[PDB]
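Have a look at work26.cif; it's mmCIF, C-alpha atoms:
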```cif
data_start
#
loop_
_atom_site.group_PDB
_atom_site.id
_atom_site.type_symbol
_atom_site.label_atom_id
_atom_site.label_comp_id
_atom_site.auth_asym_id
_atom_site.auth_seq_id
_atom_site.Cartn_x
_atom_site.Cartn_y
_atom_site.Cartn_z
ATOM 1 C CA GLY A 1 -23.019 17.665 -20.663
ATOM 2 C CA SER A 2 -23.727 15.189 -23.449
ATOM 3 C CA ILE A 3 -24.847 11.647 -22.656
ATOM 4 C CA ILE A 4 -21.455 10.116 -23.430
ATOM 5 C CA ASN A 5 -19.595 12.842 -21.517
ATOM 6 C CA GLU A 6 -21.777 12.386 -18.438
ATOM 7 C CA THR A 7 -21.371 8.612 -18.592
ATOM 8 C CA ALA A 8 -17.590 9.023 -18.698
ATOM 9 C CA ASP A 9 -17.750 11.379 -15.713
ATOM 10 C CA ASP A 10 -19.934 8.856 -13.875
ATOM 11 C CA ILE A 11 -17.512 5.987 -14.516
ATOM 12 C CA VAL A 12 -14.496 8.049 -13.450
ATOM 13 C CA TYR A 13 -16.283 9.421 -10.388
ATOM 14 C CA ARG A 14 -17.506 6.050 -9.142
ATOM 15 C CA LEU A 15 -14.161 4.313 -9.586
ATOM 16 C CA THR A 16 -12.340 7.265 -8.031
ATOM 17 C CA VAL A 17 -14.514 6.835 -4.930
ATOM 18 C CA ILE A 18 -13.613 3.126 -4.833
ATOM 19 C CA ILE A 19 -9.924 3.804 -5.450
ATOM 20 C CA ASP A 20 -9.839 6.569 -2.828
ATOM 21 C CA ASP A 21 -11.550 4.367 -0.246
ATOM 22 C CA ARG A 22 -9.129 1.467 -0.669
ATOM 23 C CA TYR A 23 -6.241 3.935 -0.708
ATOM 24 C CA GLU A 24 -7.362 5.527 2.559
ATOM 25 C CA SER A 25 -7.754 2.091 4.133
ATOM 26 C CA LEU A 26 -4.214 1.050 3.162
ATOM 27 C CA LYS A 27 -2.813 4.417 4.232
ATOM 28 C CA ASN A 28 -4.497 4.070 7.613
ATOM 29 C CA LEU A 29 -3.253 0.495 8.033
ATOM 30 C CA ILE A 30 0.342 1.350 7.148
ATOM 31 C CA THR A 31 0.232 4.321 9.488
ATOM 32 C CA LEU A 32 -1.333 2.304 12.304
ATOM 33 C CA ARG A 33 1.140 -0.567 12.061
ATOM 34 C CA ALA A 34 4.178 1.698 11.682
ATOM 35 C CA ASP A 35 3.006 3.834 14.599
ATOM 36 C CA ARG A 36 2.629 0.741 16.772
ATOM 37 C CA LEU A 37 6.082 -0.540 15.882
ATOM 38 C CA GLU A 38 7.527 2.825 16.950
ATOM 39 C CA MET A 39 5.568 2.663 20.228
ATOM 40 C CA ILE A 40 6.817 -0.852 20.929
ATOM 41 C CA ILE A 41 10.426 0.024 20.107
ATOM 42 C CA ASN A 42 10.242 3.180 22.242
ATOM 43 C CA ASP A 43 8.923 1.252 25.239
ATOM 44 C CA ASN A 44 11.372 -1.615 24.791
ATOM 45 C CA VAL A 45 14.397 0.675 24.547
ATOM 46 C CA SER A 46 13.298 2.351 27.777
ATOM 47 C CA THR A 47 13.016 -1.040 29.474
ATOM 48 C CA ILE A 48 16.447 -2.147 28.238
ATOM 49 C CA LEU A 49 18.139 1.079 29.365
ATOM 50 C CA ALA A 50 16.519 0.717 32.791
ATOM 51 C CA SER A 51 17.915 -2.817 33.053
ATOM 52 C CA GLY A 52 21.388 -1.983 31.781
ATOM 53 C CA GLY B 1 -18.123 9.518 -35.098
ATOM 54 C CA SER B 2 -14.963 8.572 -33.197
ATOM 55 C CA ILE B 3 -16.276 9.949 -29.907
ATOM 56 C CA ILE B 4 -16.707 6.524 -28.294
ATOM 57 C CA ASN B 5 -13.044 5.657 -28.889
ATOM 58 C CA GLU B 6 -11.927 9.095 -27.689
ATOM 59 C CA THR B 7 -14.111 8.924 -24.597
ATOM 60 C CA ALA B 8 -12.714 5.488 -23.729
ATOM 61 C CA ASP B 9 -9.202 6.911 -24.030
ATOM 62 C CA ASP B 10 -10.180 9.819 -21.804
ATOM 63 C CA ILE B 11 -11.616 7.493 -19.167
ATOM 64 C CA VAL B 12 -8.422 5.432 -19.176
ATOM 65 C CA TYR B 13 -6.275 8.575 -19.110
ATOM 66 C CA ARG B 14 -8.159 10.162 -16.204
ATOM 67 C CA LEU B 15 -8.214 7.018 -14.063
ATOM 68 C CA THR B 16 -4.542 6.354 -14.797
ATOM 69 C CA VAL B 17 -3.738 9.721 -13.217
ATOM 70 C CA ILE B 18 -5.785 8.787 -10.140
ATOM 71 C CA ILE B 19 -4.327 5.290 -9.873
ATOM 72 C CA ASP B 20 -0.789 6.586 -10.255
ATOM 73 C CA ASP B 21 -1.242 9.420 -7.765
ATOM 74 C CA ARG B 22 -2.518 7.047 -5.078
ATOM 75 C CA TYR B 23 0.265 4.587 -5.890
ATOM 76 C CA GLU B 24 2.947 7.252 -5.506
ATOM 77 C CA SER B 25 1.406 8.373 -2.215
ATOM 78 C CA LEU B 26 1.476 4.842 -0.808
ATOM 79 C CA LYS B 27 4.953 4.218 -2.199
ATOM 80 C CA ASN B 28 6.213 7.381 -0.524
ATOM 81 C CA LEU B 29 4.449 6.595 2.750
ATOM 82 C CA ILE B 30 5.814 3.052 2.946
ATOM 83 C CA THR B 31 9.315 4.296 2.142
ATOM 84 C CA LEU B 32 9.079 7.098 4.714
ATOM 85 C CA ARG B 33 7.878 4.829 7.514
ATOM 86 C CA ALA B 34 10.537 2.251 6.656
ATOM 87 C CA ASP B 35 13.255 4.920 6.738
ATOM 88 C CA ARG B 36 11.920 6.310 10.028
ATOM 89 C CA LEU B 37 11.990 2.883 11.661
ATOM 90 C CA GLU B 38 15.530 2.188 10.458
ATOM 91 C CA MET B 39 16.791 5.500 11.853
ATOM 92 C CA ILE B 40 14.968 4.977 15.156
ATOM 93 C CA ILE B 41 16.429 1.485 15.490
ATOM 94 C CA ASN B 42 19.943 2.631 14.628
ATOM 95 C CA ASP B 43 19.777 5.625 16.981
ATOM 96 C CA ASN B 44 18.378 3.622 19.902
ATOM 97 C CA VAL B 45 20.918 0.838 19.433
ATOM 98 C CA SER B 46 23.733 3.397 19.595
ATOM 99 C CA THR B 47 22.282 4.761 22.835
ATOM 100 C CA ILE B 48 22.037 1.264 24.313
ATOM 101 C CA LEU B 49 25.577 0.342 23.248
ATOM 102 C CA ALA B 50 26.848 3.593 24.772
ATOM 103 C CA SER B 51 25.348 2.367 28.046
ATOM 104 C CA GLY B 52 26.570 -1.205 27.733
ATOM 105 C CA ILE C 1 -19.469 -0.407 -27.351
ATOM 106 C CA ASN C 2 -19.156 -3.743 -25.549
ATOM 107 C CA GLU C 3 -15.648 -4.229 -26.931
ATOM 108 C CA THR C 4 -14.974 -0.677 -25.771
ATOM 109 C CA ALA C 5 -15.922 -1.653 -22.223
ATOM 110 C CA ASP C 6 -13.549 -4.629 -22.415
ATOM 111 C CA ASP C 7 -10.760 -2.392 -23.714
ATOM 112 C CA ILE C 8 -11.193 0.057 -20.829
ATOM 113 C CA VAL C 9 -11.267 -2.702 -18.213
ATOM 114 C CA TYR C 10 -8.249 -4.465 -19.722
ATOM 115 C CA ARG C 11 -6.112 -1.337 -20.072
ATOM 116 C CA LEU C 12 -6.785 -0.184 -16.519
ATOM 117 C CA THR C 13 -6.312 -3.694 -15.124
ATOM 118 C CA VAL C 14 -2.832 -3.735 -16.671
ATOM 119 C CA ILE C 15 -1.938 -0.460 -14.945
ATOM 120 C CA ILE C 16 -3.544 -1.486 -11.644
ATOM 121 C CA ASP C 17 -1.561 -4.734 -11.749
ATOM 122 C CA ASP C 18 1.676 -2.898 -12.515
ATOM 123 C CA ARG C 19 1.309 -0.588 -9.514
ATOM 124 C CA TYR C 20 0.153 -3.495 -7.349
ATOM 125 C CA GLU C 21 3.271 -5.549 -8.141
ATOM 126 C CA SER C 22 5.474 -2.525 -7.460
ATOM 127 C CA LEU C 23 3.918 -1.991 -4.026
ATOM 128 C CA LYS C 24 4.122 -5.704 -3.229
ATOM 129 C CA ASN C 25 7.831 -5.699 -4.121
ATOM 130 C CA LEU C 26 8.447 -2.514 -2.116
ATOM 131 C CA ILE C 27 6.689 -3.831 0.982
ATOM 132 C CA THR C 28 8.531 -7.131 0.777
ATOM 133 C CA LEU C 29 11.970 -5.605 0.197
ATOM 134 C CA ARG C 30 11.542 -3.010 2.942
ATOM 135 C CA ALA C 31 10.204 -5.516 5.455
ATOM 136 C CA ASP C 32 13.068 -7.906 4.654
ATOM 137 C CA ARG C 33 15.554 -5.071 5.120
ATOM 138 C CA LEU C 34 14.034 -4.036 8.461
ATOM 139 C CA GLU C 35 14.176 -7.595 9.796
ATOM 140 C CA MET C 36 17.847 -7.792 8.816
ATOM 141 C CA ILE C 37 18.661 -4.439 10.419
ATOM 142 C CA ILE C 38 16.844 -5.397 13.614
ATOM 143 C CA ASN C 39 18.610 -8.752 13.916
ATOM 144 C CA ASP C 40 22.037 -7.339 13.049
ATOM 145 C CA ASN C 41 21.681 -4.631 15.701
ATOM 146 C CA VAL C 42 20.427 -7.096 18.314
ATOM 147 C CA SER C 43 23.408 -9.364 17.625
ATOM 148 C CA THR C 44 25.683 -6.390 18.300
ATOM 149 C CA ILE C 45 23.898 -5.693 21.587
ATOM 150 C CA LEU C 46 24.077 -9.336 22.677
ATOM 151 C CA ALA C 47 27.778 -9.454 21.807
ATOM 152 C CA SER C 48 28.359 -6.286 23.837
ATOM 153 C CA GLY C 49 26.547 -7.515 26.933
ATOM 154 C CA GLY D 1 -32.113 1.346 -17.105
ATOM 155 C CA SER D 2 -30.305 1.775 -20.416
ATOM 156 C CA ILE D 3 -27.564 0.172 -22.509
ATOM 157 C CA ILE D 4 -25.231 3.060 -21.698
ATOM 158 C CA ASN D 5 -25.980 2.829 -17.971
ATOM 159 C CA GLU D 6 -25.531 -0.943 -17.951
ATOM 160 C CA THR D 7 -22.193 -0.507 -19.706
ATOM 161 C CA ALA D 8 -21.016 2.011 -17.110
ATOM 162 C CA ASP D 9 -22.222 -0.286 -14.331
ATOM 163 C CA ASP D 10 -20.365 -3.155 -16.012
ATOM 164 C CA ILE D 11 -17.081 -1.265 -16.290
ATOM 165 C CA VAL D 12 -17.343 0.009 -12.720
ATOM 166 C CA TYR D 13 -18.251 -3.425 -11.373
ATOM 167 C CA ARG D 14 -15.455 -5.301 -13.140
ATOM 168 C CA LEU D 15 -12.741 -2.832 -12.170
ATOM 169 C CA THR D 16 -14.063 -2.703 -8.601
ATOM 170 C CA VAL D 17 -13.545 -6.467 -8.390
ATOM 171 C CA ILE D 18 -9.947 -6.056 -9.571
ATOM 172 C CA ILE D 19 -9.276 -3.117 -7.252
ATOM 173 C CA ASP D 20 -10.772 -5.001 -4.295
ATOM 174 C CA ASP D 21 -8.688 -8.110 -4.985
ATOM 175 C CA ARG D 22 -5.405 -6.198 -5.180
ATOM 176 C CA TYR D 23 -6.444 -4.196 -2.113
ATOM 177 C CA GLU D 24 -7.063 -7.327 -0.044
ATOM 178 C CA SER D 25 -3.732 -8.790 -1.166
ATOM 179 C CA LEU D 26 -1.814 -5.682 -0.117
ATOM 180 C CA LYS D 27 -3.773 -5.461 3.136
ATOM 181 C CA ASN D 28 -2.891 -9.048 3.976
ATOM 182 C CA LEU D 29 0.774 -8.572 3.041
ATOM 183 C CA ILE D 30 1.143 -5.426 5.167
ATOM 184 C CA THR D 31 -0.561 -7.186 8.071
ATOM 185 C CA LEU D 32 1.665 -10.241 7.675
ATOM 186 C CA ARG D 33 4.913 -8.280 7.518
ATOM 187 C CA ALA D 34 3.902 -6.008 10.410
ATOM 188 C CA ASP D 35 2.999 -9.059 12.511
ATOM 189 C CA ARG D 36 6.405 -10.606 11.721
ATOM 190 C CA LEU D 37 8.237 -7.439 12.725
ATOM 191 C CA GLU D 38 6.427 -7.283 16.065
ATOM 192 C CA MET D 39 7.280 -10.930 16.729
ATOM 193 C CA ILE D 40 10.934 -10.482 15.805
ATOM 194 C CA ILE D 41 11.230 -7.326 17.917
ATOM 195 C CA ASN D 42 9.411 -9.018 20.828
ATOM 196 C CA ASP D 43 11.625 -12.124 20.572
ATOM 197 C CA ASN D 44 14.855 -10.137 20.410
ATOM 198 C CA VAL D 45 13.955 -7.763 23.235
ATOM 199 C CA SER D 46 12.965 -10.672 25.480
ATOM 200 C CA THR D 47 16.290 -12.307 24.581
ATOM 201 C CA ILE D 48 18.234 -9.140 25.419
ATOM 202 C CA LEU D 49 16.442 -8.661 28.741
ATOM 203 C CA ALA D 50 17.074 -12.305 29.639
ATOM 204 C CA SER D 51 20.765 -11.884 28.800
ATOM 205 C CA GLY D 52 21.471 -8.817 30.911
#
```
Would you write the structure of this file as structure tokens?
Amino acid sequence: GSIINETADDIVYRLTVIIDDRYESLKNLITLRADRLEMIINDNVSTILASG
Amino acid sequence: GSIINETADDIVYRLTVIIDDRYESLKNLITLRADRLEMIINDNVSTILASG
Amino acid sequence: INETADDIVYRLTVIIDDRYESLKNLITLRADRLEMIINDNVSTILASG
Amino acid sequence: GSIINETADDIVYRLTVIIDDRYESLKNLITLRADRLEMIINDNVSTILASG
């Protein structure tokens, strides 16, 4: 494409990579922490039920 | 010509779509995990109460 | 062209900030709600034995 | 090395700084709230188990 069109594509591409990376990191963190809370709750409920 | 102004608008437009899409995805994920945890907590508490 | 770069950065910063504040509010409100739900349910359990 | 390339690099760099800053803030907030939830769940479960 033209110089200006390619520059625009370059800017959008590079920032999309940055945005996607940070997004994936936050998604993974939210998933990890939520998953752990569910694991903890599951284990704790089992322990409580086994105690009364 | 006006191509520089138009290209700037296109860059902003394209990245806005990306930014918004990732935002919605995180918003939905956070909401989903929050809802899941609330239901899990409420269900488990009922089970515990039904046992004493 | 330099003012164009500033315009792009400014406009996108405004949108980035808007979505950022929305997520911050969501996270805070949902976490607050979960803490309340957890404590309320625990109180019920403690009051039941 | 050109004016157009330096401009693209400039735009990408400046927005990356912004994106990174907001990312770190959200990361820290999620971590903080998740840590609090684990502590509150841990505290309450220990209390329940110690009460019956």
Identify, on the basis of only C-alpha atoms, every residue whose closest approach to region 14-29 of chain B does not exceed 7 Å; exclude the query and any residue fewer than 4 positions from it along the same chain; express the result as JSON, numbers by chain. {"A": [12, 23, 27], "B": [10, 33], "C": [19, 23]}
Take chain B, superimpose it onto chain A by least squares using every C-alpha atom paired in sequence order, and output the result as a PDB file with C-alpha atoms, keeping the file's coordinate frame.
```pdb
ATOM      1  CA  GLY B   1     -27.418  13.705 -26.479  1.00  0.00           C
ATOM      2  CA  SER B   2     -24.724  14.438 -23.890  1.00  0.00           C
ATOM      3  CA  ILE B   3     -25.238  11.122 -22.106  1.00  0.00           C
ATOM      4  CA  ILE B   4     -21.912   9.648 -23.238  1.00  0.00           C
ATOM      5  CA  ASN B   5     -19.977  12.563 -21.727  1.00  0.00           C
ATOM      6  CA  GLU B   6     -22.055  12.425 -18.538  1.00  0.00           C
ATOM      7  CA  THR B   7     -21.653   8.670 -18.224  1.00  0.00           C
ATOM      8  CA  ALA B   8     -17.879   8.980 -18.640  1.00  0.00           C
ATOM      9  CA  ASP B   9     -17.850  11.570 -15.858  1.00  0.00           C
ATOM     10  CA  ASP B  10     -19.918   9.262 -13.675  1.00  0.00           C
ATOM     11  CA  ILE B  11     -17.552   6.352 -14.278  1.00  0.00           C
ATOM     12  CA  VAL B  12     -14.571   8.520 -13.348  1.00  0.00           C
ATOM     13  CA  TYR B  13     -16.404   9.914 -10.317  1.00  0.00           C
ATOM     14  CA  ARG B  14     -17.452   6.495  -9.003  1.00  0.00           C
ATOM     15  CA  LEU B  15     -14.034   4.886  -9.449  1.00  0.00           C
ATOM     16  CA  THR B  16     -12.317   7.908  -7.905  1.00  0.00           C
ATOM     17  CA  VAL B  17     -14.321   7.278  -4.732  1.00  0.00           C
ATOM     18  CA  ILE B  18     -13.221   3.629  -4.740  1.00  0.00           C
ATOM     19  CA  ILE B  19      -9.585   4.423  -5.494  1.00  0.00           C
ATOM     20  CA  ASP B  20      -9.466   7.091  -2.809  1.00  0.00           C
ATOM     21  CA  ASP B  21     -11.175   4.943  -0.182  1.00  0.00           C
ATOM     22  CA  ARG B  22      -8.691   2.104  -0.680  1.00  0.00           C
ATOM     23  CA  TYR B  23      -5.812   4.588  -0.680  1.00  0.00           C
ATOM     24  CA  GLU B  24      -6.918   6.110   2.622  1.00  0.00           C
ATOM     25  CA  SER B  25      -7.301   2.640   4.130  1.00  0.00           C
ATOM     26  CA  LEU B  26      -3.765   1.656   3.139  1.00  0.00           C
ATOM     27  CA  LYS B  27      -2.390   5.032   4.202  1.00  0.00           C
ATOM     28  CA  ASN B  28      -4.010   4.640   7.611  1.00  0.00           C
ATOM     29  CA  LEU B  29      -2.859   1.036   7.972  1.00  0.00           C
ATOM     30  CA  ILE B  30       0.756   1.820   7.094  1.00  0.00           C
ATOM     31  CA  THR B  31       0.755   4.775   9.486  1.00  0.00           C
ATOM     32  CA  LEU B  32      -0.814   2.713  12.280  1.00  0.00           C
ATOM     33  CA  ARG B  33       1.651  -0.159  11.949  1.00  0.00           C
ATOM     34  CA  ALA B  34       4.566   2.275  11.783  1.00  0.00           C
ATOM     35  CA  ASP B  35       3.363   4.044  14.936  1.00  0.00           C
ATOM     36  CA  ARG B  36       2.830   0.713  16.713  1.00  0.00           C
ATOM     37  CA  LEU B  37       6.357  -0.437  15.906  1.00  0.00           C
ATOM     38  CA  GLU B  38       7.884   2.842  17.081  1.00  0.00           C
ATOM     39  CA  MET B  39       6.037   2.658  20.407  1.00  0.00           C
ATOM     40  CA  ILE B  40       6.952  -1.008  20.885  1.00  0.00           C
ATOM     41  CA  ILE B  41      10.610  -0.261  20.173  1.00  0.00           C
ATOM     42  CA  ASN B  42      10.677   2.745  22.489  1.00  0.00           C
ATOM     43  CA  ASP B  43       8.893   0.891  25.301  1.00  0.00           C
ATOM     44  CA  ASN B  44      11.097  -2.204  25.054  1.00  0.00           C
ATOM     45  CA  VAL B  45      14.281  -0.137  24.929  1.00  0.00           C
ATOM     46  CA  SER B  46      13.237   1.639  28.132  1.00  0.00           C
ATOM     47  CA  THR B  47      12.664  -1.733  29.794  1.00  0.00           C
ATOM     48  CA  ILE B  48      16.075  -2.981  28.663  1.00  0.00           C
ATOM     49  CA  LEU B  49      17.844   0.196  29.798  1.00  0.00           C
ATOM     50  CA  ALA B  50      16.099  -0.076  33.173  1.00  0.00           C
ATOM     51  CA  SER B  51      17.727  -3.501  33.470  1.00  0.00           C
ATOM     52  CA  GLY B  52      21.132  -2.438  32.194  1.00  0.00           C
TER      53      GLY B  52
END
```
Would you kindly translate the PyMOL selection byres ((chain A) within 12 of (chain C)) into the concrete residues it picks from this file, as a ChimeraX atom specification? /A:4,8,11-12,15,19,23,26,30,34,37,41,45,48-49,51-52
Find the residue from B:13, B:39, B:31, B:44 that sits nearest to chain A; use only C-alpha atoms when measuring. B:44
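Straight-line separation from CA of residue 35 (chain C) to CA of residue 21 (chain C): 21.1 Å.
A straight line drawn from CA of residue 36 (chain C) to CA of residue 24 (chain C) is 18.4 Å long.
If all atoms listed in the file are the atoms counted, then among D:38, D:1, D:50, D:43 the closest residue to chain A is D:38.
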Could you jot down the CA of residue 1 (chain C) to CA of residue 6 (chain A) separation for me, Å, one decimal place? 15.8 Å
So which residues get picked by the PyMOL selection byres ((chain C and resi 4) around 10) here, written as number ranges by chain? B: 4-5, 7-9; C: 1-3, 5-10; D: 7, 11
